[PDB]
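K.L.:
Sending over a structure as structure tokens; questions will come in a sec.
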Amino acid sequence: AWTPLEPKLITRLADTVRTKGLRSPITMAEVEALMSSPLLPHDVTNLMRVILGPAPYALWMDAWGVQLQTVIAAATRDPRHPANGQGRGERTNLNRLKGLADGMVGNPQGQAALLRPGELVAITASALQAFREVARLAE
Amino acid sequence: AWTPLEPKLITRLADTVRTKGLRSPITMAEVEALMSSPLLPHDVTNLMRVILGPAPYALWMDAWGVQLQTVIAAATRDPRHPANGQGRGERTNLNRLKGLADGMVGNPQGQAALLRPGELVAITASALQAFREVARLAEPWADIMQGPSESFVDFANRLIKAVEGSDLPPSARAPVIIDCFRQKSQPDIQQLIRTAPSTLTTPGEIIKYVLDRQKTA
Amino acid sequence: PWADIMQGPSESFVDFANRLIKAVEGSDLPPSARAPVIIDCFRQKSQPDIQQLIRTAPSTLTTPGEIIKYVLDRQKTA
Amino acid sequence: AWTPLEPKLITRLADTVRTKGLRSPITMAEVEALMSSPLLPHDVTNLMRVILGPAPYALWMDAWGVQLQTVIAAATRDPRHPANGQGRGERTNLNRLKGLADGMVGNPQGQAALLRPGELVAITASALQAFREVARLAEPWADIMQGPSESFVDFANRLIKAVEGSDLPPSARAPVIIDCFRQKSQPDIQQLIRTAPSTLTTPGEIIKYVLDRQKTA
Amino acid sequence: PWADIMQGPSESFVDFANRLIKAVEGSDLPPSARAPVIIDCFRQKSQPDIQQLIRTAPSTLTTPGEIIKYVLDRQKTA
Amino acid sequence: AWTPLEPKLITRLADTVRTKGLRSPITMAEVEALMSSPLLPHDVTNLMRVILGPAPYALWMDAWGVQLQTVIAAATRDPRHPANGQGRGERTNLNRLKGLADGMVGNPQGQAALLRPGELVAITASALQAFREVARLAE
Amino acid sequence: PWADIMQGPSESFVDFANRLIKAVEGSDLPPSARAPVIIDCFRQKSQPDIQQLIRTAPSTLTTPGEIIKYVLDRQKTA
Amino acid sequence: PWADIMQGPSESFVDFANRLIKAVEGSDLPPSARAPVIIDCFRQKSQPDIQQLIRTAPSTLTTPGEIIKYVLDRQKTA
């Protein structure tokens, strides 16, 4: 069952990003805090939509896609990925990682249903690395 | 059994709407948050009464009625609506959707008793769409120019804000943002983007390139 | 007093509408007489530019929300 | 049996391209006309040699090769191509499409002998798309303003021309034209469109309304 | 003669409309041709301020009474 | 079998419209000339795309749609329309008149296959009336 | 003579490319030596603004058509 | 000391590059840290004309030799 993040925490994090900036160690610590439980693509996408401005959000979408592509290359380079399965029918496509696959587009409940925990942690680590890249790039 | 929403959350949401406005993405996220569980007409009505001013509340009542009427037209166009039933005796009238039917007027307990979960989710989605309409209505991208003294990140922020908070379809924002970066953004940056040895096909990539090769001054 | 409310020369229209709806709903009128009074106060107050904007409405506006939407659409940006 | 195109039609088309340019809708219509029957690689090659200058001809050769390569990739991605056959011995190589295969180099009769009708129509569609690309490349909407002394029909003509002859998708031209009518078109017409008692949802309707209620001067 | 009627530089609009409607209805035109003629005479006579006022009508005026009402509403008080 | 109109005649008509205008009696006579044989929606659409500028073309699309809608109202008001049939399965929808129906979008050959001669003459008369309206409106 | 062709200070690039390709293809060179000569003449003629524009090409341009397309995209509008 | 090397107002760029590469390679840095340091010293030293010339590089320069070639191509002849 999907539970959304508190809008109070999200508002506090957005104001933190607004006053301290993207690169302060306190901001990265707060992001790591709100990045503790494995989030669904819907959660991370809406979180970055709210806390980041338009141009940093575009940059972050780009960087997140690139990092997820690196993850999928490593996944096709190793059939023992915690997102993959043993047979070929469990291979994870980027539509399933970005939340674009069938039964997931716009629906967080179905998303949480079909996604694997390894998928969730890989998406989360990818999003964190992308946030770091964009923060280092913006300023 | 009906449980009311916390007045603390409602007060925080009202102050959010008061400071950030109706159209900010944080405000829409907060509304989506408080719009998570299917609400009864009483809940949504009181919520909009508290968070919205008088005139936005009138506009929202209008828009909610229109959206509910579209829903009821789709319902009479398909007898398999999750609010409808199979026989004709379960057809859902607008008095039952707006909470005006018998046994519901002013009583949230009876409301929660007689209403269907499909009814609740349809009412909730209708109210969310009406809120979006009123927010877009209560408060121009093609008139945005980069000032002679303005930096590029401020211009990009302003332009992306005005383009995403406009009436364009979602699939037409990126090309418009790119073509506005190319034609606005005074001729130094125009020539900087023009003479790009690589092809830039995303606003983020254009922003990164310009920030790298910009004339430090 | 609702019948003394005018839209100031420099005031925006949403502020005037907020003030007027507040004073009309927080008054001694019956509940069934607030909407017609709000409409007829939008038409006679709300300084003559918006008065003419509401007068020359190709559609018939029969609700304060519809009048507010129409005026916000076609208002003179300034 | 191969029949050449009339040099009279080719001369008329060449003069059309010379006076109107590569991108005019009349020129594209004339090209579509002379692109009606499926042409052999010899025909299209000589046609583009005659109607196009040297540099546009080089560009067109490049673009035609790229489009034919995309076609051959789709062909190896589907063994049911009207140019392909069922067995592997009918697979169509680019030497057969560009007319470079054995028994075809320089000979249009042998070309017409060995080529398939699906091959011909694929070559023809590829050449048409390549011509469109080169025409769009050989010769900005968001920078168009209505001059202080310019009439409104001239401004509308210029704007619609620049918007339709641009890189936008076909489904994004009407909203862009409308929103450019509203934000460009100096503030007298801006206020004239703003105070429209009816909702104008088409460039033609906006043009008609403005032409009716415009300030005669 | 109806086709020689012009709105004087100092004349009000209701006097001009009265004179024009009088001369058009008391003439040799068929009954089914009076309203279009009165409208098209309002549009081409009625000195260029009112001409532009009628031209820039967001609504379509299809009756002499409607044109008279619109002009009386939005006329330049002087 | 579909045969296109000569680009030479179309070029001459376009230059006629360019020099004489839309409303001259010679221009209307030339349009009536090129409107002699019943044209398919593809033909009339491309013809108006070539001879008319962008804004007159938008106006003409609007007017053509309105006139075709009046025709379809008269058609549902009389089951004996030369475009209609006797049974209800031959009723003509606006997607079939504007060339938007199935098997017709972008293909003039299939268009000529499925269309009726009554359909063609109704489309042609509608387009002529729309051209007259737009010409009277433009100047 | 192809080796004497320079892009004038006021001449556009498409005219220069047309003139150069004409003079190179209508000359005594073998057919297999025209494209490299056209490329190397684009690079050394075509006054230093376009020279630097071609020099700083992140991609490798190996055809006169590709060079023409690149230059037409990134040229200094003036 | 490498971190004290600046390009003089009148000094050419090849002399500055020679001096900087000499002082960086003949220093106490590890071998794997010389190229990034040379690049970042080209970018921050090398007086603001060449600084802006390197900044506005449509391509990404990831080697001291490539930076030197680019600057020598597009340098202001004087």
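The numbers used for chain D are those of Swiss-Prot, and the residues that appear cover 249-387, 391-468, in sequence.
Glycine is treated like the rest: Cβ placed from N, Cα and C.
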K.L.:
Labelled region 'Involved in capsid protein dimerization' by Swiss-Prot, one stretch among D:290-298, D:410-418, D:437-445. Can you tell me which?
P.N.:
D:290-298
K.L.:
What range among D:315-326, D:351-362, D:363-374, D:450-461 does Swiss-Prot record as region 'Involved in capsid protein dimerization'?
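P.N.:
Within the set D:315-326, D:351-362, D:363-374, D:450-461, Swiss-Prot attaches region 'Involved in capsid protein dimerization' to D:351-362.
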K.L.:
With a 10 Å radius around each C-beta, find which of these recorded sites (D:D418, D:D430) has the fewest other C-beta atoms nearby.
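P.N.:
Sparsest of the recorded sites D:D418, D:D430 by Cβ contacts within 10 Å: D:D418.
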K.L.:
What's the straight-line C-alpha distance in angstrom from D:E387 to D:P391, 3 residues unmodelled between?
P.N.:
12
K.L.:
With DSSP as the reference, give the number of residues of the region 'Involved in capsid protein dimerization' (D:351-362) in helix, strand and coil.
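P.N.:
Breakdown, helix to coil: 7 helix, 0 strand, 5 coil.
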K.L.:
Take the C-alpha atoms of D:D418 (site 'Involved in capsid protein dimerization upon acidification') and D:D430 (site 'Involved in capsid protein dimerization upon acidification') and report the distance between them in angstrom, rounded.
P.N.:
17
K.L.:
Three-state secondary structure of D:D418 (site 'Involved in capsid protein dimerization upon acidification') from DSSP?
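P.N.:
Where D:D418 (site 'Involved in capsid protein dimerization upon acidification') sits, the three-state DSSP reduction gives coil.
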